[PDB]
Amino acid sequence: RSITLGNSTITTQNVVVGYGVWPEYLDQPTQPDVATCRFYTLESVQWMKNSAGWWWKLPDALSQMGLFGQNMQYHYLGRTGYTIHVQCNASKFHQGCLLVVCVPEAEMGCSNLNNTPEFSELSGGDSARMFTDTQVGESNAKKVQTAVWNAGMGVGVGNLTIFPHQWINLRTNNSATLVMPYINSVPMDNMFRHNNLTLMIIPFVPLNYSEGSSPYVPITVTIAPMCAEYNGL
Amino acid sequence: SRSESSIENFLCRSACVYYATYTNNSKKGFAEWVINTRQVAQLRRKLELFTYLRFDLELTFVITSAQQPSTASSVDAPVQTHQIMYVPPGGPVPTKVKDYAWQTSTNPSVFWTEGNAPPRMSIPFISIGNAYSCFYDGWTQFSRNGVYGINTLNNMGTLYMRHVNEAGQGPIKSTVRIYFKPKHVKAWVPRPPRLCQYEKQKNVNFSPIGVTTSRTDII
Amino acid sequence: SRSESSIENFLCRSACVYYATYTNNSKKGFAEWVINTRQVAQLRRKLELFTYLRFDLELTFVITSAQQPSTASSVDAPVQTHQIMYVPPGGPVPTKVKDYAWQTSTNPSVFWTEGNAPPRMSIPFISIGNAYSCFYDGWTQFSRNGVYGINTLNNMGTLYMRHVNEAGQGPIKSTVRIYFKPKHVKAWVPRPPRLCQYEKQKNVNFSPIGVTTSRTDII
Amino acid sequence: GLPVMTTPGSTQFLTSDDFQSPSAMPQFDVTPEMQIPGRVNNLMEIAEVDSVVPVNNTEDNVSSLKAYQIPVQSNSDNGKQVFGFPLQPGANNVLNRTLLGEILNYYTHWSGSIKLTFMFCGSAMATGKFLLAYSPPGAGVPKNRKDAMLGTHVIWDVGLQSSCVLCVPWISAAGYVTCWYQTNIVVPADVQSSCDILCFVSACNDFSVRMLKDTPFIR
Amino acid sequence: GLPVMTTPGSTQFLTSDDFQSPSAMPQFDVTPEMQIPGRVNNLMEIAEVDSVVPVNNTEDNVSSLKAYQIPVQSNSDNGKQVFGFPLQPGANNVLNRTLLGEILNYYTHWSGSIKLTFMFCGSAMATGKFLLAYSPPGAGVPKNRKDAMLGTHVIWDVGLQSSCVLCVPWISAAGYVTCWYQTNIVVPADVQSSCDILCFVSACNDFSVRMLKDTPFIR
Amino acid sequence: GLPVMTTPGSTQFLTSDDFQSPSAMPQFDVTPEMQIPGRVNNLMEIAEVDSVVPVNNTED
Numbered sequence: 083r084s085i086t087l088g089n090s091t092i093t094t095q099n100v101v102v103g104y105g106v107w108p109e110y111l120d121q122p123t124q125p126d127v128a129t130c131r132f133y134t135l136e137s138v139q140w141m142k143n144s145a146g147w148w149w150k151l152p153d154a155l156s157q158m159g160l161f162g163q164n165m166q167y168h169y170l171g172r173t174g175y176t177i178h179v180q181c182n183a184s185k186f187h188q189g190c191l192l193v194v195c196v197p198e199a200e201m202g203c204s205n206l207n208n209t210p211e212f213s214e215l216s217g218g219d220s221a222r223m224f225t226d227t228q229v230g231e232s233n234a235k236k237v238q239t240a241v242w243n244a245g246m247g248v249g250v251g252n253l254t255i256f257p258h259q260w261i262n263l264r265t266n267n268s269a270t271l272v273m274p275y276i277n278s279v280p281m282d283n284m285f286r287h288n289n290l291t292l293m294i295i296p297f298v299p300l301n302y303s304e305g306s307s308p309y310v311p312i313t314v315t316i317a318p319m320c321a322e323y324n325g326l
Numbered sequence: 058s059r060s061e062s063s064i065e066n067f068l069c070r071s072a073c074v075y076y077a078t079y080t081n082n083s084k085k086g087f088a089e090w091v092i093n094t095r096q097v098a099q100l101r102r103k104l105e106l107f108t109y110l111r112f113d114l115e116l117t118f119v120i121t122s123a124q125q126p127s128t129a130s131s132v133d134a135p136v137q138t139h140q141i142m143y144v145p146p147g148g149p150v151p152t153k154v155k156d157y158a159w160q161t162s163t164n165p166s167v168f169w170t171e172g173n174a175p176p177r178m179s180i181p182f183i184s185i186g187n188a189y190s191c192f193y194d195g196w197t198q199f200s201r202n203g204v205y206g207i208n209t210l211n212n213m214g215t216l217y218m219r220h221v222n223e224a225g226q227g228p229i230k231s232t233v234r235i236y237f238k239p240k241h242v243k244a245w246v247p248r249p250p251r252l253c254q255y256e257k258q259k260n261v262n263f264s265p266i267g268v269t270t271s272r273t274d275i276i
Numbered sequence: 058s059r060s061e062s063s064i065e066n067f068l069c070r071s072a073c074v075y076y077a078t079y080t081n082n083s084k085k086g087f088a089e090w091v092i093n094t095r096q097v098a099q100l101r102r103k104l105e106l107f108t109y110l111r112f113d114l115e116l117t118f119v120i121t122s123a124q125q126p127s128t129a130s131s132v133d134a135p136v137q138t139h140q141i142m143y144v145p146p147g148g149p150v151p152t153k154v155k156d157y158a159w160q161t162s163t164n165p166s167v168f169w170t171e172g173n174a175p176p177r178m179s180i181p182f183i184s185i186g187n188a189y190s191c192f193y194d195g196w197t198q199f200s201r202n203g204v205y206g207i208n209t210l211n212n213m214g215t216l217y218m219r220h221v222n223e224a225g226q227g228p229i230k231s232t233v234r235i236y237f238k239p240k241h242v243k244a245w246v247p248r249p250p251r252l253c254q255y256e257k258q259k260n261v262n263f264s265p266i267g268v269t270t271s272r273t274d275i276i
Numbered sequence: 333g334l335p336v337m338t339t340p341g342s343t344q345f346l347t348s349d350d351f352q353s354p355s356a357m358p359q360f361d362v363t364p365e366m367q368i369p370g371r372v373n374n375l376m377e378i379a380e381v382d383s384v385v386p387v388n389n390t391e392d393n394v395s396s397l398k399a400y401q402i403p404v405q406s407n408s409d410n411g412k413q414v415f416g417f418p419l420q421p422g423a424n425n426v427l428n429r430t431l432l433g434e435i436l437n438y439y440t441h442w443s444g445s446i447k448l449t450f451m452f453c454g455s456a457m458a459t460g461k462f463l464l465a466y467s468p469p470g471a472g473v474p475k476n477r478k479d480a481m482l483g484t485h486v487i488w489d490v491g492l493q494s495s496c497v498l499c500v501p502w503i504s518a519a520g521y522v523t524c525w526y527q528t529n530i531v532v533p534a535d536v537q538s539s540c541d542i543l544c545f546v547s548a549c550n551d552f553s554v555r556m557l558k559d560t561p562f563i564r
Numbered sequence: 333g334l335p336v337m338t339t340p341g342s343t344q345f346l347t348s349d350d351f352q353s354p355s356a357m358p359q360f361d362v363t364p365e366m367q368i369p370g371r372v373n374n375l376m377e378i379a380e381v382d383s384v385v386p387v388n389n390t391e392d393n394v395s396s397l398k399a400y401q402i403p404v405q406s407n408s409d410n411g412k413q414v415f416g417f418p419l420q421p422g423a424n425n426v427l428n429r430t431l432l433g434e435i436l437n438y439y440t441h442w443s444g445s446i447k448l449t450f451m452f453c454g455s456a457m458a459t460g461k462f463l464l465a466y467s468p469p470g471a472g473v474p475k476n477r478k479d480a481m482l483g484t485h486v487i488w489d490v491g492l493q494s495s496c497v498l499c500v501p502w503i504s518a519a520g521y522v523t524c525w526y527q528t529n530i531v532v533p534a535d536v537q538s539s540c541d542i543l544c545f546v547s548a549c550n551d552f553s554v555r556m557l558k559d560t561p562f563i564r
Numbered sequence: 333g334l335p336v337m338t339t340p341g342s343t344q345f346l347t348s349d350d351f352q353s354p355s356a357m358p359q360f361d362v363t364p365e366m367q368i369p370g371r372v373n374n375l376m377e378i379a380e381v382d383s384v385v386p387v388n389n390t391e392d
């Protein structure tokens with residue numbers, strides 16, 4: 083409860102760790126931590142009744158987040174870990190269920206079978222891109238196919254529980270916590286042409302309430318890098 | 058019976074991945090196959106269960122010939138001989154049958170005549186990284202402009218095949234079936250199996266289909 | 058990764074150094090290759106980085122035949138056989154296909170029929186001195202008059218190839234590609250790499266070219 | 333030399349052999365391994381995780397997220413069935429395309445048990461009771477609540493426990522996991538009544554598979 | 333006799349094999365070795381020496397000895413660039429045809445550091461100061477003296493030291522080693538002002554190369 | 333390599349040989365044995381039992 087990192091504080095009260106490994110460190122690479130290990134809090138999204146889902150490409154959402162987004166421009170390479178805290182504050186009169194996965198190397202498919210989706214439609218700067226419950230027509234040229242039951246990757250969406258995940262059930266749970274180590278083939282990769290993680294949130298059981306309650310539920314995502322290092326003289 | 062579900066028992070198999078023909082008299086008849094894993098749709102689905110693989114490689118070629126219709130006058134030919142050149146990633150590439158890139162020193166080739174055992178050769182795990190990647194969420198590395206999701210760091214090379222005997226009396230065309238076999242497989246970070254049908258060889262594009270087959274009632 | 062830049066890993070390779078044809082019916086059809094290192098321009102540049110080399114030698118011949126257009130009347134021939142004679146430095150030399158110099162006892166030959174493995178033979182380091190010399194600043198030794206820069210002390214011999222079956226019904230011409238491979242290489246006193254283009258096989262003559270490619274400004 | 337004798341089956345290509353092999357590129361000095369998280373040594377480590385079962389197919393919910401939800405309302409009937417699915421394998425049933433069912437379709441003979449975890453995704457002020465009956469193979473499906481109680485069953489109280497696990501064997518009429526209303530869903534004022542239920546499947550014990558084959562989910 | 337069984341890939345010619353071989357001339361009694369000075373065991377012993385870099389190409393100095401000299405005069409401007417060259421490899425840059433760049437073009441992947449020794453070949457009564465800035469990869473070229481000071485740099489006093497060494501890594518916008526006037530060249534009477542500067546390159550640490558290929562400096 | 337020399341009768345198919353053989357399906361993990369009653373090790377264990385002799389053939 084009331085953990086602090088640098089000059090930021092959040093308050094919590099279970100934690101699922103990656104693939105059973107804690108994040109850890111390895120010319121000469123330098124290890125900066127005083128400008129990075131702090132809770133970067135993204136803006137909150139609203140879970141309405143006719144909602145479908147959200148996704149964040151993970152070293153893209155923190156590209157304008159202060160002194161972590163400056164090291165991405167100055168330093169050429171680097172590896173990172175993460176620690177994600179997702180929580181939705183709803184009352185005892187609401188009901189629903191959320192699935193919070195963290196997909197490594199989540200290559201997504203275009204709406205057209207002959208092209209590839211453009212850069213602005215995969216990720217935005219610290220703003221969640223959202224799915225839709227219908228099919229995107231093939232008359233469009235470069236857009237991501239965002240049907241929820243396929244999760245954009247051509248896979249069954251029920252089988253997404255093989256990744257490190259945590260269920261948020263509004264009857265008995267309030268928050269989730271994920272710890273993700275560095276998962277890549279090379280020990281240091283470029284942080285602009287590569288998005289090695291993807292945080293997805295998908296509501297299976299949709300939100301329901303009676304007439305009178307608040308017609309939305311805000312969800313708060315807080316990301317904090319852990320054990321980051323770069324390559325530079 | 059727990060040993061049959063291991064990674065070595067699941068992946069160390071053989072599969073016909075390529076099948077192409079070439080004749081000798083057409084002055085441009087040779088073969089080409091860029092080595093990848095996304096050729097057949099039955100092995101691509103099994104290697105897509107994991108994200109990072111690392112294996113040695115073992116290839117065997119089954120070459121058979123067939124006499125094309127010649128003109129006349131009692132064709133009688135000796136045994137045929139073939140050359141199977143392997144180009145490493147970042148090497149010269151031939152464009153004609155008579156070219157400098159065949160007679161180079163770096164590209165290791167095999168030579169094989171008919172009526173013998175098939176010509177097996179084995180390629181070790183060659184790359185710059187530490188593992189292969191069936192999936193890549195990003196743009197191409199080391200380039201001015203990059204197509205989405207290519208990952209040129211995994212590149213196993215190319216194969217080229219041609220006849221090395223010139224005979225004018227009889228034209229002979231020949232087929233080749235390349236057999237593919239991983240060895241000493243290590244796999245990391247599993248991944249759920251593909252549901253939708255494959256459409257193209259380059260990308261993971263698809264068309265949205267339902268989850269499973271339907272029934273008439275829940276009970 | 059320091060072991061790939063060793064001398065053995067840099068030079069113990071294979072290279073097609075010669076390619077010549079010969080037919081049987083022409084009464085003078087045979088092959089000849091004086092063994093040297095200055096044949097191909099890609100191996101000559103690598104052996105010119107050092108001055109004194111000393112290696113064993115290993116050769117493999119890829120022989121293939123091709124039926125020439127005969128007259129008529131159902132040509133049917135048996136398997137062919139070839140003779141590959143190696144003449145040491147200072148030996149007899151044939152000038153016709155039927156000659157005494159083939160049937161001598163000192164010149165070691167191999168005999169080989171079709172449809173088998175290629176005929177490898179290996180020549181040890183033969184010389185009078187202690188090393189070879191790619192460069193020689195002087196006139197020829199042991200002679201009345203000497204051409205500048207020849208150095209007859211390095212002389213590895215000559216190879217000769219011919220058919221050993223006479224058939225009148227069908228003419229057959231055959232090719233041969235000689236593969237070259239050093240073994241147990243020792244190199245002394247390194248030498249800077251060649252910049253200008255090669256022009257002749259005998260000498261180190263050249264035409265003057267600039268140092269490198271130019272740019273538009275110093276800054 | 334040494335006298336040998338070739339046995340039958342010598343110069344053949346069996347696709348399922350294991351011999352030594354000549355390496356195409358020796359002296360390469362390949363990249364050493366790196367500790368990548370999450371190594372897969374066996375395929376039964378994939379099946380042990382839980383996955384959601386599409387119980388609610390019903391001919392138009394398969395192309396939506398409604399297939400994974402089981403609708404539970406407040407009704408006026410005295411005893412009523414919520415859902416029910418057989419365990420007959422491979423023939424269009426619900427456990428075919430799940431994460432457990434994709435490994436067991438790469439094999440022909442398999443045997444083990446199943447964990448079936450349910451989850452009540454409703455309000456926190458809602459209460460109720462459900463029966464979770466399991467009919468063994470050979471016995472028919474219960475057509476009534478009273479003889480569904482007389483078999484093996486687990487009565488699941490919602491307000492006390494949000495998730496109840498029902499273990500069951502599963503072998504390659519073969520079983521039913523039908524579920525019944527015991528009491529209605531009692532709810533306070535300004536709370537909705539139409540609650541939902543999810544269903545999870547897993548592998549409770551270690552499975553035993555044999556005789557690998559191809560999967561039928563391809564063209 | 334003994335029962336054997338021939339495996340596939342038996343009677344093939346792989347060019348990159350290593351087997352035993354029948355010697356063509358046994359019983360020869362070859363010449364023993366002699367201690368010749370300067371034996372080369374590795375190719376990285378060639379790269380460790382220094383070589384002059386043609387910084388001053390400029391479209392008509394390449395066919396002269398003026399390409400190796402960097403002109404330094406006495407000017408009236410306040411802060412000015414002397415030279416500058418990028419470190420992007422292989423694409424017509426200055427370090428391509430040097431003695432270090434000829435070994436690293438026989439390989440595909442390499443990584444190491446560089447010593448860059450300068451030398452002021454001017455009079456003994458002349459004084460001055462120069463900046464030696466190095467821009468890391470990713471950062472742009474400095475367009476001004478003031479922000480060229482703010483990076484990593486070495487200020488080089490001529491009258492105290494005639495040669496200053498600047499170490500830098502070099503990997504297969519990628520870096521700049523630009524150089525700036527700090528003060529002018531102060532000179533006495535009856536001494537010239539137009540002095541020159543040479544540039545040397547070397548290998549500071551041990552390089553690591555892999556996957557040998559052919560060089561592109563041939564027809 | 334090693335010098336060998338092929339003897340006559342080498343690439344022949346004798347039907348009554350006993351050699352090694354390449355297995356078509358390795359890595360199969362076959363079913364272990366079960367104690368089934370009445371194992372036959374020799375054919376003379378069949379002949380030791382008694383049987384009735386048709387002494388009275390007599391054409392019908």
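Residue numbers (the UniProt record's numbering), protein chains in the order written: chain A, 83 to 95, 99 to 111, 120 to 326; chain B, 58 to 276; chain C, 58 to 276; chain D, 333 to 504, 518 to 564; chain E, 333 to 504, 518 to 564; chain F, 333 to 392.
Heads up, the beta-carbon is just placed ideally off N, CA and C, and yes, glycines get one too.
I'd like to know whether the C-beta atoms of residue i and residue j end up nearer to each other than 9 angstroms.
{"i": "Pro-257 (chain A)", "j": "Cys-203 (chain A)", "result": "no"}
{"i": "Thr-93 (chain A)", "j": "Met-319 (chain A)", "result": "no"}
{"i": "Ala-548 (chain D)", "j": "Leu-464 (chain D)", "result": "no"}
{"i": "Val-384 (chain E)", "j": "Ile-276 (chain C)", "result": "no"}
{"i": "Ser-166 (chain C)", "j": "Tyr-143 (chain C)", "result": "yes"}
What first and last residue would you give for the alpha helix (DSSP H) that runs through residue i?
{"i": "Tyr-167 (chain A)", "result": "162–167"}
{"i": "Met-319 (chain A)", "result": "Where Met-319 (chain A) is concerned, there is no enclosing alpha helix (DSSP H), although the beta strand (DSSP E) it sits in stretches over 319–324."}
Give the single residue among the options whose Cα lies nearest to the Cα of residue i.
{"i": "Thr-121 (chain B)", "options": "B:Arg-70, B:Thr-78, B:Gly-214 and B:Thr-197", "result": "B:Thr-78"}
{"i": "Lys-412 (chain D)", "options": "D:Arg-555, D:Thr-347 and D:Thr-523", "result": "D:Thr-523"}
{"i": "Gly-189 (chain A)", "options": "A:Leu-300, A:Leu-253, A:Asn-277 and A:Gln-163", "result": "A:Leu-300"}
Cutting at 6 angstroms between CB atoms, please list the residues of its own chain near residue i, excluding the five before and the five after it.
{"i": "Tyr-76 (chain B)", "result": "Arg-234"}
For residue i, which residues in the same chain have their Cβ closer than 8 angstroms to its Cβ, ignoring the five residues on either side in sequence?
{"i": "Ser-200 (chain B)", "result": "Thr-209"}
Below 7 angstroms CB to CB, which residues in the same chain sit around residue i once its five sequence neighbours on both sides are set aside?
{"i": "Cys-496 (chain D)", "result": "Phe-450, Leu-464, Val-486 and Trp-488"}
Margin query: Whether or not the segment 425–439 of chain E and the segment 555–564 of chain E are in contact is what I'm after, with contact meaning three or more pairs of Cβ atoms, one per stretch, closer than 8 angstroms; do they touch?
Written below: Flag = yes, the segment 555–564 of chain E and the segment 425–439 of chain E touch.
Item checked: Touching by the beta-carbon criterion (3+ pairs, under 8 angstroms), the segment 100–116 of chain B and the segment 243–251 of chain B -> The segment 100–116 of chain B, when compared against the segment 243–251 of chain B, does touch it at the 8 angstroms Cβ threshold.
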